[PDB]
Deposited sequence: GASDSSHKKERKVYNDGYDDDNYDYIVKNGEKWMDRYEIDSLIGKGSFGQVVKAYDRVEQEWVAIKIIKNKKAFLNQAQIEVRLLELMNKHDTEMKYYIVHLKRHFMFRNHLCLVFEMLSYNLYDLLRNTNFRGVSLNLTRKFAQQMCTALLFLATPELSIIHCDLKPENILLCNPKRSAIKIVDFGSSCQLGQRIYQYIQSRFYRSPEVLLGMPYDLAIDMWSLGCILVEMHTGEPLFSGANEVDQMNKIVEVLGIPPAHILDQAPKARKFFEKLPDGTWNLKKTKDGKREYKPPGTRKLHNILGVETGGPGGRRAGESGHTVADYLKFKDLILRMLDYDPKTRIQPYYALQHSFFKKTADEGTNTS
């Protein structure tokens, strides 16, 4: 057939042609990303004389209305004066072109998933991990701004991008999967490896779910492997319990999805209902991180800024980000005051 006068494919995406001239302004170079939303292209702005990333949304009502929500969250974000907003990807402008909504961003570099691939999944250093952590904590402090109160809701290595390949600066991308605070509309949220216990349990949730994901992300950036690599939801909770033990009963008594993972015994205590896992809380983060044995797999033995003390600081901060209780889970402001970041 012919879709959108031949500009679209049979899947509502714009057929990207390299070297195409848009509105006597944008020079399309090449595609750098893809997803259900549509496509992301690298291109040169002839007016501002700089490279830009252009997120071309699918020519369809559903994907259009989601991108419009993202536009309004990004435009609501750049109303604020603070310098913390530049840990979020900056939307420069947006427009309709051949029936696709196009969001124009600053051009960023590789994502943190690409970075882990570059290490052959052995992780980067604790020194670089700390700079990613301090920057993400500030990013989350900014999202916690009362007038924003934005839950990114899908934080993962893929959605954190380096500004530049020769620097440690990072920005968060993709606020099309946001679940902004308030009335609970969504329950199946967050990508599984980084999905919080309150989400797994079917419980109310808030901005604390992004801090959980960050805890997970940060350990992964130093080990090189995902911390809780569940193939399904049951396996995900089981991998969480391996490291952190059985979740507190006060939470499980309130959890609608309690019985998907756990069973309440005659004595009133909760247990794993069986379905190959280490016993509750015996896969220690102290040992996953290699606190006293020279880091993950001993690969950081003798590296500067990888002393036992440095590792205990990191461990502690991470354990505070993986508190089972979303109420006492460490908040952005206090995370930034942790001795892991203290000069």
Per the record, deposited positions without any C-alpha are 1-11, 287-291, 360-368
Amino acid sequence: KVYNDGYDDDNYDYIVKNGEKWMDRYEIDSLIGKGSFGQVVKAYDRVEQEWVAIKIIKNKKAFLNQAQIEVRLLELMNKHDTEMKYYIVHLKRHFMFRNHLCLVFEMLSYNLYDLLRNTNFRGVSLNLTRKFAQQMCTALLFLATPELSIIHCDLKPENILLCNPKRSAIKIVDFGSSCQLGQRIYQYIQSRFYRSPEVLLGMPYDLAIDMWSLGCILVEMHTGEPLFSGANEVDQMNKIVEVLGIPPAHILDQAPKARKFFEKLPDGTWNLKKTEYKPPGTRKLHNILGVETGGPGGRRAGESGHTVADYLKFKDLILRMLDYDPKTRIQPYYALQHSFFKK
From here on, numbers count along this sequence of modelled residues.
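Only the largest set of C-alpha atoms that superpose within 1.5 Å between the two forms is called the rigid core.
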When the other structures are laid on this one by the rigid core, do the CA atoms of 48-56 or of 314-322 sit farther away in 9 other deposited structures of this protein?
-> 48-56
Would you mind working out which of 290-298 and 33-41 sits farther from this form in 9 other deposited structures of this protein by RMS C-alpha distance, with the rigid core as the fit?
-> 33-41
Per the PDB record, is the mean Cα temperature factor higher over 283-291 or over 23-31?
-> 23-31
With reference to the PDB entry, specify whether the mean Cα temperature factor is higher for 209-217 or for 119-127.
-> 119-127
Could you check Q134, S229, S196, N99 and tell me which one carries the biggest Cα B-factor in the deposited entry?
-> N99
Specify which of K264, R192, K239, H152 carries the largest Cα B factor in the deposited PDB entry.
-> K264
Lowest, middle or highest third - CA B-factor, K315 = lowest
Entry-reported Cα temperature factor of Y188, expressed as the chain third it lands in = lowest
Going by the entry, which third of its chain does the Cα temperature factor of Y324 land in?
-> lowest
What third of its chain's C-alpha B-factors does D114 belong to: lowest, middle or highest?
-> middle
Taking the values exactly as deposited, rank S168 by C-alpha B-factor within its chain and report the matching third: lowest, middle or highest.
-> middle
